[PDB]
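Structure data (mmCIF, C-alpha atoms and all ligand atoms) from input_32.cif:
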data_entry
loop_
_atom_site.label_atom_id
_atom_site.label_comp_id
_atom_site.auth_asym_id
_atom_site.auth_seq_id
_atom_site.Cartn_x
_atom_site.Cartn_y
_atom_site.Cartn_z
CA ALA Y 1 -48.74 -34.14 -19.97
CA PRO Y 2 -52.34 -33.60 -21.10
CA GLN Y 3 -52.73 -33.86 -24.86
CA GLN Y 4 -54.06 -30.29 -25.07
CA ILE Y 5 -50.83 -28.96 -23.53
CA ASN Y 6 -48.56 -31.13 -25.68
CA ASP Y 7 -50.45 -30.08 -28.82
CA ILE Y 8 -50.40 -26.31 -28.27
CA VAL Y 9 -46.77 -26.40 -27.12
CA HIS Y 10 -45.64 -28.23 -30.25
CA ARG Y 11 -47.68 -26.06 -32.63
CA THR Y 12 -46.44 -22.85 -30.96
CA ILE Y 13 -42.86 -23.42 -29.80
CA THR Y 14 -41.46 -25.71 -32.51
CA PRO Y 15 -42.37 -23.14 -35.23
CA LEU Y 16 -41.04 -20.34 -33.03
CA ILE Y 17 -37.73 -22.22 -32.90
CA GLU Y 18 -37.85 -22.78 -36.66
CA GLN Y 19 -38.66 -19.11 -37.27
CA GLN Y 20 -36.07 -17.62 -34.88
CA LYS Y 21 -33.25 -20.17 -35.40
CA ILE Y 22 -33.07 -20.94 -31.66
CA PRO Y 23 -30.39 -23.57 -30.89
CA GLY Y 24 -31.81 -24.73 -27.55
CA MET Y 25 -34.92 -24.05 -25.55
CA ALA Y 26 -36.66 -25.03 -22.33
CA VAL Y 27 -40.33 -24.33 -21.59
CA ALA Y 28 -42.42 -24.99 -18.50
CA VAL Y 29 -46.20 -24.68 -18.74
CA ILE Y 30 -47.87 -24.36 -15.34
CA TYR Y 31 -51.45 -25.63 -15.69
CA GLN Y 32 -53.76 -25.91 -12.68
CA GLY Y 33 -50.68 -25.24 -10.57
CA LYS Y 34 -48.58 -28.11 -11.97
CA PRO Y 35 -45.55 -27.68 -14.23
CA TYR Y 36 -45.13 -29.58 -17.47
CA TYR Y 37 -41.67 -29.52 -19.03
CA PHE Y 38 -40.48 -29.38 -22.64
CA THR Y 39 -37.00 -29.10 -24.13
CA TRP Y 40 -35.50 -28.72 -27.60
CA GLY Y 41 -32.03 -28.65 -29.07
CA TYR Y 42 -28.63 -28.12 -27.53
CA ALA Y 43 -27.14 -26.32 -24.56
CA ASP Y 44 -23.72 -26.63 -26.21
CA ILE Y 45 -23.85 -27.02 -29.99
CA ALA Y 46 -20.27 -28.16 -30.56
CA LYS Y 47 -20.36 -30.73 -27.73
CA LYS Y 48 -23.85 -31.89 -28.82
CA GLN Y 49 -25.02 -31.54 -25.22
CA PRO Y 50 -28.84 -31.49 -25.21
CA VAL Y 51 -30.97 -29.05 -23.27
CA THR Y 52 -32.35 -30.81 -20.18
CA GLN Y 53 -34.36 -29.82 -17.12
CA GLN Y 54 -30.97 -29.35 -15.40
CA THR Y 55 -29.62 -26.89 -18.00
CA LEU Y 56 -28.76 -23.44 -16.63
CA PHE Y 57 -29.85 -20.44 -18.73
CA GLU Y 58 -29.05 -16.75 -18.29
CA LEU Y 59 -32.27 -15.10 -17.11
CA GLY Y 60 -31.13 -11.58 -17.96
CA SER Y 61 -33.62 -8.99 -16.74
CA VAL Y 62 -35.96 -11.64 -15.36
CA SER Y 63 -33.42 -11.37 -12.51
CA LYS Y 64 -35.26 -8.18 -11.49
CA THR Y 65 -38.24 -10.21 -10.24
CA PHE Y 66 -35.95 -11.80 -7.64
CA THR Y 67 -34.63 -8.35 -6.73
CA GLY Y 68 -38.16 -7.00 -6.37
CA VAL Y 69 -39.27 -9.86 -4.13
CA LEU Y 70 -36.13 -9.58 -1.98
CA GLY Y 71 -36.91 -5.88 -1.59
CA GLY Y 72 -40.49 -6.70 -0.65
CA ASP Y 73 -39.20 -9.20 1.92
CA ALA Y 74 -37.08 -6.41 3.42
CA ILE Y 75 -40.17 -4.18 3.56
CA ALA Y 76 -42.10 -6.93 5.36
CA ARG Y 77 -39.22 -7.28 7.82
CA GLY Y 78 -39.49 -3.55 8.54
CA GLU Y 79 -35.88 -3.08 7.43
CA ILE Y 80 -36.73 -0.54 4.70
CA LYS Y 81 -39.63 1.63 3.60
CA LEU Y 82 -40.21 2.55 -0.03
CA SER Y 83 -40.72 6.17 1.04
CA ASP Y 84 -37.21 6.23 2.54
CA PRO Y 85 -34.75 8.62 0.86
CA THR Y 86 -31.90 7.04 -1.06
CA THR Y 87 -29.45 9.05 1.06
CA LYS Y 88 -30.58 7.22 4.21
CA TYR Y 89 -28.73 4.15 2.90
CA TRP Y 90 -25.93 5.93 0.99
CA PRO Y 91 -25.10 9.10 2.93
CA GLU Y 92 -22.14 9.75 0.62
CA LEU Y 93 -24.58 10.61 -2.21
CA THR Y 94 -24.46 14.28 -1.24
CA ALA Y 95 -25.30 15.74 -4.66
CA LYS Y 96 -28.45 17.85 -4.46
CA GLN Y 97 -30.29 16.10 -7.29
CA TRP Y 98 -30.74 13.12 -4.94
CA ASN Y 99 -32.96 15.12 -2.58
CA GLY Y 100 -36.45 13.69 -3.01
CA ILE Y 101 -35.38 10.44 -4.71
CA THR Y 102 -36.76 7.51 -2.71
CA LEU Y 103 -36.28 3.76 -2.77
CA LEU Y 104 -39.66 3.58 -4.53
CA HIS Y 105 -38.31 5.71 -7.38
CA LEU Y 106 -35.22 3.52 -7.73
CA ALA Y 107 -37.23 0.30 -7.68
CA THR Y 108 -39.75 1.47 -10.30
CA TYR Y 109 -37.48 3.40 -12.71
CA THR Y 110 -39.09 6.75 -11.78
CA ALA Y 111 -36.10 8.59 -10.27
CA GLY Y 112 -35.95 10.96 -13.25
CA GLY Y 113 -33.94 9.34 -16.00
CA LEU Y 114 -31.26 7.12 -14.50
CA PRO Y 115 -29.70 5.49 -17.59
CA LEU Y 116 -30.46 2.05 -18.98
CA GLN Y 117 -26.98 0.71 -18.18
CA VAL Y 118 -24.38 1.50 -15.58
CA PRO Y 119 -21.40 2.60 -17.74
CA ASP Y 120 -18.97 -0.19 -18.57
CA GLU Y 121 -16.13 1.98 -17.22
CA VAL Y 122 -17.53 1.68 -13.67
CA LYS Y 123 -15.25 -0.96 -12.13
CA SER Y 124 -14.82 0.22 -8.51
CA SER Y 125 -16.98 1.47 -5.66
CA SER Y 126 -15.32 4.86 -6.16
CA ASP Y 127 -16.36 4.79 -9.82
CA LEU Y 128 -19.92 3.88 -8.86
CA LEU Y 129 -20.18 6.80 -6.44
CA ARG Y 130 -18.85 9.28 -9.01
CA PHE Y 131 -21.34 7.92 -11.56
CA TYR Y 132 -24.40 8.52 -9.38
CA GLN Y 133 -23.00 11.75 -7.92
CA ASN Y 134 -22.57 13.28 -11.40
CA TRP Y 135 -25.77 11.93 -12.96
CA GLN Y 136 -28.13 14.78 -13.85
CA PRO Y 137 -31.86 13.94 -13.98
CA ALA Y 138 -33.89 14.87 -17.04
CA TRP Y 139 -37.18 14.95 -15.09
CA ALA Y 140 -38.42 15.45 -11.57
CA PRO Y 141 -38.77 12.24 -9.54
CA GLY Y 142 -42.04 10.35 -9.77
CA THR Y 143 -43.16 11.68 -13.15
CA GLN Y 144 -41.53 9.57 -15.90
CA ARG Y 145 -40.73 5.86 -16.12
CA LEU Y 146 -37.48 5.04 -17.95
CA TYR Y 147 -36.52 1.38 -17.63
CA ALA Y 148 -33.02 1.32 -16.14
CA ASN Y 149 -30.64 -1.26 -14.73
CA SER Y 150 -28.88 1.57 -12.89
CA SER Y 151 -32.17 2.31 -11.09
CA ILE Y 152 -33.43 -1.02 -9.78
CA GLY Y 153 -29.82 -2.18 -9.52
CA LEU Y 154 -29.13 0.49 -6.92
CA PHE Y 155 -32.43 -0.32 -5.20
CA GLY Y 156 -31.32 -3.92 -4.74
CA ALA Y 157 -27.89 -3.00 -3.40
CA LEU Y 158 -29.35 -0.55 -0.87
CA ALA Y 159 -32.35 -2.67 0.16
CA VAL Y 160 -30.05 -5.29 1.71
CA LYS Y 161 -27.90 -2.86 3.72
CA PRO Y 162 -29.96 -3.04 6.96
CA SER Y 163 -29.50 -6.82 6.98
CA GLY Y 164 -25.70 -6.54 7.01
CA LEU Y 165 -25.65 -9.19 4.27
CA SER Y 166 -24.28 -8.85 0.77
CA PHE Y 167 -26.88 -8.82 -2.00
CA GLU Y 168 -25.92 -12.38 -2.99
CA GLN Y 169 -25.95 -13.64 0.60
CA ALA Y 170 -29.31 -11.98 1.21
CA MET Y 171 -30.80 -13.48 -1.95
CA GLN Y 172 -29.53 -16.99 -1.16
CA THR Y 173 -30.66 -17.09 2.46
CA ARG Y 174 -33.93 -15.14 2.12
CA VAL Y 175 -35.29 -16.14 -1.31
CA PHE Y 176 -33.48 -19.02 -3.01
CA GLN Y 177 -33.08 -21.37 -0.04
CA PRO Y 178 -36.60 -21.01 1.49
CA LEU Y 179 -38.13 -21.65 -1.96
CA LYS Y 180 -35.77 -24.59 -2.60
CA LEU Y 181 -34.33 -22.95 -5.71
CA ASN Y 182 -31.20 -25.04 -5.29
CA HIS Y 183 -30.00 -24.67 -8.91
CA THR Y 184 -30.39 -20.90 -9.19
CA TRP Y 185 -27.19 -18.88 -8.99
CA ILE Y 186 -25.88 -15.35 -9.11
CA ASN Y 187 -22.44 -16.93 -9.52
CA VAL Y 188 -22.41 -20.45 -10.99
CA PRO Y 189 -20.18 -22.63 -8.77
CA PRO Y 190 -17.44 -24.61 -10.55
CA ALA Y 191 -19.19 -27.92 -9.84
CA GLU Y 192 -22.31 -26.66 -11.66
CA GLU Y 193 -20.55 -25.13 -14.70
CA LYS Y 194 -21.14 -28.42 -16.53
CA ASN Y 195 -24.87 -27.57 -16.66
CA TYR Y 196 -24.35 -23.98 -17.88
CA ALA Y 197 -25.65 -23.59 -21.43
CA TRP Y 198 -23.76 -21.47 -23.91
CA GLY Y 199 -25.52 -18.50 -25.40
CA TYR Y 200 -25.20 -17.97 -29.13
CA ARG Y 201 -24.83 -14.56 -30.80
CA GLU Y 202 -24.15 -14.46 -34.54
CA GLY Y 203 -23.02 -18.07 -34.25
CA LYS Y 204 -20.49 -17.50 -31.44
CA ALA Y 205 -20.77 -19.07 -27.98
CA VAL Y 206 -21.01 -16.40 -25.27
CA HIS Y 207 -21.76 -15.86 -21.59
CA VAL Y 208 -22.83 -12.61 -19.95
CA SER Y 209 -19.95 -10.41 -18.92
CA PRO Y 210 -19.53 -9.11 -15.35
CA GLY Y 211 -20.68 -5.58 -14.64
CA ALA Y 212 -21.58 -3.24 -11.82
CA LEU Y 213 -24.87 -4.22 -10.15
CA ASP Y 214 -25.27 -7.13 -12.58
CA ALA Y 215 -26.61 -9.52 -9.92
CA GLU Y 216 -29.43 -7.08 -9.16
CA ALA Y 217 -30.42 -6.29 -12.76
CA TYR Y 218 -29.56 -9.15 -15.11
CA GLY Y 219 -27.13 -11.68 -13.63
CA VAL Y 220 -29.11 -14.67 -12.34
CA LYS Y 221 -28.91 -18.10 -13.99
CA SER Y 222 -31.44 -20.86 -13.39
CA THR Y 223 -32.94 -24.09 -14.67
CA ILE Y 224 -36.39 -24.58 -16.14
CA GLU Y 225 -37.33 -26.60 -13.05
CA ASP Y 226 -36.32 -23.86 -10.61
CA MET Y 227 -38.04 -21.20 -12.72
CA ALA Y 228 -41.26 -23.22 -12.74
CA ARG Y 229 -41.02 -23.33 -8.94
CA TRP Y 230 -40.42 -19.57 -8.94
CA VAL Y 231 -43.61 -19.10 -10.96
CA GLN Y 232 -45.51 -21.42 -8.61
CA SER Y 233 -44.30 -19.32 -5.67
CA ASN Y 234 -45.56 -16.11 -7.29
CA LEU Y 235 -48.87 -17.76 -8.25
CA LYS Y 236 -49.52 -19.09 -4.73
CA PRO Y 237 -47.74 -16.91 -2.16
CA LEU Y 238 -49.91 -18.25 0.67
CA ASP Y 239 -48.17 -21.61 0.21
CA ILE Y 240 -44.92 -19.93 1.35
CA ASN Y 241 -44.50 -20.56 5.07
CA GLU Y 242 -41.99 -17.75 5.68
CA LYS Y 243 -44.33 -14.82 6.29
CA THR Y 244 -41.91 -12.07 5.23
CA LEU Y 245 -41.27 -13.84 1.90
CA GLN Y 246 -44.97 -14.52 1.34
CA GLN Y 247 -45.60 -10.82 1.89
CA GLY Y 248 -42.57 -9.84 -0.19
CA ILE Y 249 -43.95 -11.78 -3.14
CA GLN Y 250 -47.29 -10.02 -2.69
CA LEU Y 251 -45.69 -6.58 -2.47
CA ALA Y 252 -43.72 -7.14 -5.69
CA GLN Y 253 -47.07 -7.56 -7.48
CA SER Y 254 -48.60 -4.44 -5.94
CA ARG Y 255 -49.34 -1.74 -8.52
CA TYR Y 256 -47.26 1.39 -7.86
CA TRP Y 257 -47.53 3.27 -11.18
CA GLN Y 258 -49.74 3.11 -14.26
CA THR Y 259 -48.89 4.00 -17.85
CA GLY Y 260 -51.35 2.99 -20.53
CA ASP Y 261 -52.74 -0.41 -19.58
CA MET Y 262 -49.49 -1.41 -17.84
CA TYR Y 263 -48.75 -1.32 -14.10
CA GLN Y 264 -45.29 -1.25 -12.52
CA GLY Y 265 -44.55 -3.60 -9.64
CA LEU Y 266 -41.23 -4.39 -7.98
CA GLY Y 267 -39.48 -6.13 -10.87
CA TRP Y 268 -42.73 -7.64 -12.12
CA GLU Y 269 -45.01 -5.74 -14.49
CA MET Y 270 -48.76 -6.37 -14.56
CA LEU Y 271 -51.84 -5.80 -16.70
CA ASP Y 272 -55.49 -6.57 -16.00
CA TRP Y 273 -56.64 -9.99 -17.18
CA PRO Y 274 -58.14 -10.54 -19.75
CA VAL Y 275 -55.37 -8.67 -21.53
CA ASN Y 276 -55.31 -7.17 -25.01
CA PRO Y 277 -52.64 -9.41 -26.58
CA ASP Y 278 -51.45 -6.69 -28.96
CA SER Y 279 -50.68 -4.45 -25.97
CA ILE Y 280 -48.28 -6.89 -24.32
CA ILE Y 281 -46.81 -8.00 -27.66
CA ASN Y 282 -46.26 -4.50 -29.05
CA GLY Y 283 -45.30 -3.10 -25.66
CA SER Y 284 -42.50 -5.65 -25.30
CA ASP Y 285 -40.61 -4.23 -28.28
CA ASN Y 286 -37.45 -2.47 -27.09
CA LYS Y 287 -38.52 0.69 -28.94
CA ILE Y 288 -41.47 0.98 -26.53
CA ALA Y 289 -40.40 -0.89 -23.39
CA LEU Y 290 -37.27 1.28 -23.09
CA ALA Y 291 -38.88 4.62 -23.97
CA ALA Y 292 -39.49 7.32 -21.38
CA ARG Y 293 -43.20 7.41 -20.60
CA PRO Y 294 -45.30 9.49 -18.17
CA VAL Y 295 -46.66 7.62 -15.15
CA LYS Y 296 -49.57 8.15 -12.77
CA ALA Y 297 -48.95 7.29 -9.13
CA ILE Y 298 -51.21 4.75 -7.43
CA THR Y 299 -51.46 5.79 -3.77
CA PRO Y 300 -51.81 3.58 -1.86
CA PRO Y 301 -50.41 0.92 -4.22
CA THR Y 302 -53.05 -1.55 -5.34
CA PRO Y 303 -52.57 -4.85 -3.47
CA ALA Y 304 -51.73 -7.70 -5.84
CA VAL Y 305 -54.68 -8.27 -8.17
CA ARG Y 306 -55.35 -11.95 -8.83
CA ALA Y 307 -56.93 -11.23 -12.24
CA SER Y 308 -53.65 -10.01 -13.71
CA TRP Y 309 -51.22 -10.92 -16.47
CA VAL Y 310 -47.90 -10.74 -14.57
CA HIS Y 311 -44.74 -10.94 -16.64
CA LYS Y 312 -41.13 -10.01 -17.29
CA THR Y 313 -38.81 -10.23 -20.31
CA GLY Y 314 -35.06 -10.75 -20.17
CA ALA Y 315 -32.09 -10.85 -22.50
CA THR Y 316 -28.32 -11.13 -22.53
CA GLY Y 317 -26.03 -11.19 -25.54
CA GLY Y 318 -26.75 -14.86 -26.09
CA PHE Y 319 -30.00 -15.61 -24.25
CA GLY Y 320 -33.68 -14.71 -24.35
CA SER Y 321 -36.14 -15.32 -21.52
CA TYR Y 322 -39.78 -14.68 -20.72
CA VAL Y 323 -42.02 -15.44 -17.74
CA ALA Y 324 -45.77 -14.81 -17.58
CA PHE Y 325 -48.48 -15.97 -15.19
CA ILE Y 326 -52.12 -15.36 -14.26
CA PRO Y 327 -52.76 -15.94 -10.52
CA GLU Y 328 -56.55 -16.23 -10.77
CA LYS Y 329 -56.16 -19.06 -13.31
CA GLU Y 330 -53.14 -20.76 -11.65
CA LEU Y 331 -51.63 -20.64 -15.12
CA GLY Y 332 -48.13 -19.68 -16.22
CA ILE Y 333 -45.25 -20.21 -18.60
CA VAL Y 334 -41.45 -19.97 -18.56
CA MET Y 335 -39.55 -19.73 -21.86
CA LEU Y 336 -35.74 -20.00 -21.73
CA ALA Y 337 -33.62 -19.91 -24.90
CA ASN Y 338 -29.89 -19.64 -25.62
CA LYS Y 339 -30.33 -17.13 -28.42
CA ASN Y 340 -31.41 -13.50 -27.97
CA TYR Y 341 -34.48 -13.14 -30.21
CA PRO Y 342 -37.02 -10.30 -30.22
CA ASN Y 343 -39.35 -9.92 -27.25
CA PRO Y 344 -42.58 -9.66 -29.32
CA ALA Y 345 -42.07 -13.16 -30.69
CA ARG Y 346 -41.71 -14.53 -27.14
CA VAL Y 347 -44.79 -12.74 -25.81
CA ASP Y 348 -46.93 -13.74 -28.80
CA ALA Y 349 -46.02 -17.40 -28.29
CA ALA Y 350 -46.67 -17.22 -24.54
CA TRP Y 351 -50.08 -15.66 -25.09
CA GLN Y 352 -51.04 -18.25 -27.72
CA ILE Y 353 -50.30 -21.01 -25.21
CA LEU Y 354 -51.95 -19.53 -22.12
CA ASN Y 355 -54.96 -18.29 -24.10
CA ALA Y 356 -55.49 -21.83 -25.38
CA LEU Y 357 -55.38 -23.28 -21.85
CA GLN Y 358 -57.54 -20.76 -19.97
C1 LIG Y 401 -32.74 -7.25 -19.24
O1 LIG Y 401 -32.65 -8.34 -19.69
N1 LIG Y 401 -32.22 -6.15 -19.98
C2 LIG Y 401 -32.75 -4.74 -19.85
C3 LIG Y 401 -33.06 -4.08 -21.19
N2 LIG Y 401 -34.25 -4.73 -21.81
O2 LIG Y 401 -35.29 -4.88 -20.88
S1 LIG Y 401 -36.20 -6.18 -21.33
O3 LIG Y 401 -37.40 -6.34 -20.43
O4 LIG Y 401 -36.86 -5.94 -22.67
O5 LIG Y 401 -35.37 -7.44 -21.33
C4 LIG Y 401 -31.94 -4.21 -22.14
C5 LIG Y 401 -31.62 -5.62 -22.40
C6 LIG Y 401 -31.26 -6.37 -21.12
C7 LIG Y 401 -29.90 -5.91 -20.68
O6 LIG Y 401 -29.77 -4.91 -20.05
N3 LIG Y 401 -28.75 -6.70 -21.06
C8 LIG Y 401 -27.41 -6.30 -20.68
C9 LIG Y 401 -26.78 -5.72 -21.90
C10 LIG Y 401 -25.31 -5.40 -21.69
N4 LIG Y 401 -24.54 -6.53 -21.12
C11 LIG Y 401 -25.19 -7.17 -19.95
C12 LIG Y 401 -26.67 -7.46 -20.14
CL CL Y 402 -47.97 -29.30 -36.42
ZN ZN Y 403 -45.79 -29.63 -36.34
ZN ZN Y 404 -27.56 -30.52 -8.01
#
Before we go any further, please render this structure as structure tokens.
Ligand SMILES: *C(=O)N1C[C@H](NOS(=O)(=O)O)CC[C@H]1C(=O)NC1CCNCC1
Ligand SMILES: [Cl-]
Ligand SMILES: [Zn+2]
Ligand SMILES: [Zn+2]
Amino acid sequence: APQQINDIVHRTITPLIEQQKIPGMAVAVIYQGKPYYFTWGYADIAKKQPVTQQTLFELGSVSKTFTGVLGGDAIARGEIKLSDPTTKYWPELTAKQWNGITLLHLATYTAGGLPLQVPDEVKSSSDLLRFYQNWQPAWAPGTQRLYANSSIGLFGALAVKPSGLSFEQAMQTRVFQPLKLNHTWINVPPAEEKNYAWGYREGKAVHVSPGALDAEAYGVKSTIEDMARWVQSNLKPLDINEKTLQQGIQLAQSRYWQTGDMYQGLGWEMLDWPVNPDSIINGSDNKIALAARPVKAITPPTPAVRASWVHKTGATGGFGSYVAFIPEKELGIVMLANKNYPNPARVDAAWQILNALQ
């Protein structure tokens, strides 16, 4: 790799690892459209298995960017419209509070206060229906953004219904396979388990536990090589030959809502570039990112702006992830770690690197 990339990566990530006590880490820096790979530490401490470019990490909420693009692909196929009512795809949701709640609201966390998690007691389809049927909104739809797995999670499950495919089958055939993300999994096959890093929480080795709508909201696992290719695909959608996927990527970076200097896409979040680094750093803290915040609708949604900072954070019990890219600069970064450490430290490090390479 160019010396300037090697230098800034060492001076930024090695101290981050020292500071946060991260056992293993993989980073890809995309510079002029080309990925450069870096690894540190161990995927499995006790086995002394090093992190490699083949190591699988839990992406956590970065999974939502796949969900958003799959939803955009469905829009481009004409299978769904974001203005469609939720009840069009789940007629059994007869409770009156669902009148006026659209796929757009589900996808962008603006349905009116759907909770951060689907309750852990939801283990059956019957349970899931009762959960949504009895949920009572705190606000009218389209007025407040409250980040919620139960919101975009339901969007993903309903967006694939017109295809007749399961969410996992839809994602594999329509997103993963066309983009040659051949080591990206909702469910890690047995033959690939050997590459699956352990997460570490308070010293204990852990993997994410199954839950309702997990695939849609936080359940994808991937390698640093596949995630670099994912970033390349979102930097350069015109290189994607499948027109519905090309357009789906573009639609996920459209700007549907604004709050402060932040714009809500489908999974992705965006800010204008050049960005105020303190905004993205401070705004990534859970105290802010998870707070209910008023939103202003953008009608029609702004088509993907090339001069944007596009990004997403993710976490599981034992992992911490971050992806950020700037289409106009063909510049991006993927940071995968097998410890959950605070978002602001990830974002700060990412901005130090990309700012140095602009
Ligand atoms: C996604 O990784 N999430 C959503 C939320 N934080 O959003 S983020 O952008 O700052 O990452 C909470 C943390 C995380 C999440 O929901 N993790 C689940 C916790 C419960 N067990 C399964 C994973
Ligand atoms: Cl140094
Ligand atoms: Zn040093
Ligand atoms: Zn393989």
(message) Taking only C-alpha atoms and all ligand atoms into account, name the residue in Y:15, Y:303, Y:189, Y:344 that is nearest to ligand ZN 404 (chain Y).
(response) Y:189
Taking all atoms of ligand LIG 401 (chain Y) that the file lists, what box with edges along x, y and z, padded by 6 Å per side, do you get, with centre and edge lengths in Å to one decimal, as JSON?
{"center_x": -31.0, "center_y": -6.2, "center_z": -21.0, "size_x": 24.9, "size_y": 16.3, "size_z": 15.4}
(request) For each of Y:149, Y:4, Y:19, Y:234, take the minimum atom-to-atom distance to residue Y:60, counting all atoms listed in the file, then give the residue where this is smallest. (result)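 Ranked by minimum distance to residue Y:60, first place goes to Y:149.
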(request) May I have the protein, DNA and RNA residues with any atom at most 12 Å from the point (-36.5, -33.8, -9.8), counting only C-alpha atoms, written as a count of residues only? (result) 15
(message) Just want the residues within 8 Å of ligand ZN 403 (chain Y), written as a ChimeraX atom specification, counting only C-alpha atoms and all ligand atoms.
(response) /Y:10-11,14-15
(request) Can you work out the spacing between atom CA of residue Y:131 and atom CA of residue Y:147 in Å, to one decimal? (result)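 Taking atom CA of residue Y:131 as the start and atom CA of residue Y:147 as the end point, the length is 17.6 Å.
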What residues have an atom no more than 10 Å from (-43.1, -3.2, -6.9) in the file's own frame, counting all atoms listed in the file, and can you write them as an mmCIF file with C-alpha atoms, in the frame of the given file?
data_model
loop_
_atom_site.group_PDB
_atom_site.id
_atom_site.type_symbol
_atom_site.label_atom_id
_atom_site.label_comp_id
_atom_site.auth_asym_id
_atom_site.auth_seq_id
_atom_site.Cartn_x
_atom_site.Cartn_y
_atom_site.Cartn_z
ATOM 1 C CA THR Y 65 -38.240 -10.210 -10.240
ATOM 2 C CA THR Y 67 -34.630 -8.350 -6.730
ATOM 3 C CA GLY Y 68 -38.160 -7.000 -6.370
ATOM 4 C CA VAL Y 69 -39.270 -9.860 -4.130
ATOM 5 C CA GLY Y 71 -36.910 -5.880 -1.590
ATOM 6 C CA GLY Y 72 -40.490 -6.700 -0.650
ATOM 7 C CA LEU Y 82 -40.210 2.550 -0.030
ATOM 8 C CA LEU Y 104 -39.660 3.580 -4.530
ATOM 9 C CA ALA Y 107 -37.230 0.300 -7.680
ATOM 10 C CA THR Y 108 -39.750 1.470 -10.300
ATOM 11 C CA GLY Y 248 -42.570 -9.840 -0.190
ATOM 12 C CA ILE Y 249 -43.950 -11.780 -3.140
ATOM 13 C CA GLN Y 250 -47.290 -10.020 -2.690
ATOM 14 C CA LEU Y 251 -45.690 -6.580 -2.470
ATOM 15 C CA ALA Y 252 -43.720 -7.140 -5.690
ATOM 16 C CA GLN Y 253 -47.070 -7.560 -7.480
ATOM 17 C CA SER Y 254 -48.600 -4.440 -5.940
ATOM 18 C CA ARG Y 255 -49.340 -1.740 -8.520
ATOM 19 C CA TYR Y 256 -47.260 1.390 -7.860
ATOM 20 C CA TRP Y 257 -47.530 3.270 -11.180
ATOM 21 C CA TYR Y 263 -48.750 -1.320 -14.100
ATOM 22 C CA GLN Y 264 -45.290 -1.250 -12.520
ATOM 23 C CA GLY Y 265 -44.550 -3.600 -9.640
ATOM 24 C CA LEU Y 266 -41.230 -4.390 -7.980
ATOM 25 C CA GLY Y 267 -39.480 -6.130 -10.870
ATOM 26 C CA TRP Y 268 -42.730 -7.640 -12.120
ATOM 27 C CA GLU Y 269 -45.010 -5.740 -14.490
ATOM 28 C CA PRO Y 301 -50.410 0.920 -4.220
ATOM 29 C CA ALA Y 304 -51.730 -7.700 -5.840
#
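Nearest to residue Y:34 of all the residues Y:197, Y:148, Y:235, Y:75 is Y:235, based on only C-alpha atoms.
Rounded to one decimal, atom CA of residue Y:136 and atom CA of residue Y:97 lie 7.0 Å from each other.
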(message) So, with all atoms listed in the file as the atoms that count, which of Y:114, Y:1, Y:179, Y:26 lies closest to residue Y:150?
(response)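 Under the stated criterion, the closest residue is Y:114.
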(request) Let me have all residues with an atom within 10 Å of ligand LIG 401 (chain Y), counting all atoms listed in the file, laid out as a VMD selection string. (result) chain Y and resid 58 to 64 116 to 120 147 to 150 207 to 212 214 217 to 219 267 to 269 283 to 290 311 to 322 340 342 to 344
(request) Could you check how far atom CA of residue Y:244 sits from atom CA of residue Y:89, in Å to one decimal? (result)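 It comes out at 21.0 Å.
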(message) Give me the residues near residue Y:236 as a VMD selection string, where near means some atom within 10 Å (using only C-alpha atoms) and where sequence neighbours in that chain fewer than 2 positions away do not count.
(response) chain Y and resid 33 231 to 234 238 to 240 246 249 to 250 327 to 328 330
(message) Measuring between all atoms listed in the file, which one of Y:170, Y:140, Y:30, Y:281 shows the shortest distance to residue Y:216?
(response)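 For residue Y:216, the nearest of the given residues is Y:170.
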With N, CA, C and O atoms as the target, complete stretch 219-224 of chain Y and hand it back as an mmCIF file, in the coordinates of the input.
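After the write, out22.cif holds the following:
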data_model
loop_
_atom_site.group_PDB
_atom_site.id
_atom_site.type_symbol
_atom_site.label_atom_id
_atom_site.label_comp_id
_atom_site.auth_asym_id
_atom_site.auth_seq_id
_atom_site.Cartn_x
_atom_site.Cartn_y
_atom_site.Cartn_z
ATOM 1 N N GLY Y 219 -28.189 -10.698 -13.777
ATOM 2 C CA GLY Y 219 -27.130 -11.680 -13.630
ATOM 3 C C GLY Y 219 -27.484 -13.065 -13.137
ATOM 4 O O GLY Y 219 -26.578 -13.889 -12.971
ATOM 5 N N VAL Y 220 -28.758 -13.369 -12.904
ATOM 6 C CA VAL Y 220 -29.110 -14.670 -12.340
ATOM 7 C C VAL Y 220 -29.170 -15.716 -13.451
ATOM 8 O O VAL Y 220 -29.587 -15.430 -14.580
ATOM 9 N N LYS Y 221 -28.759 -16.942 -13.121
ATOM 10 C CA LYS Y 221 -28.910 -18.100 -13.990
ATOM 11 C C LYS Y 221 -29.725 -19.165 -13.270
ATOM 12 O O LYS Y 221 -29.600 -19.345 -12.056
ATOM 13 N N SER Y 222 -30.548 -19.897 -14.020
ATOM 14 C CA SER Y 222 -31.440 -20.860 -13.390
ATOM 15 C C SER Y 222 -31.845 -21.929 -14.389
ATOM 16 O O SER Y 222 -31.655 -21.789 -15.601
ATOM 17 N N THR Y 223 -32.420 -23.002 -13.858
ATOM 18 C CA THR Y 223 -32.940 -24.090 -14.670
ATOM 19 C C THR Y 223 -34.431 -23.893 -14.923
ATOM 20 O O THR Y 223 -35.104 -23.084 -14.280
ATOM 21 N N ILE Y 224 -34.964 -24.680 -15.859
ATOM 22 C CA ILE Y 224 -36.390 -24.580 -16.140
ATOM 23 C C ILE Y 224 -37.191 -25.108 -14.960
ATOM 24 O O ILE Y 224 -38.288 -24.610 -14.674
#
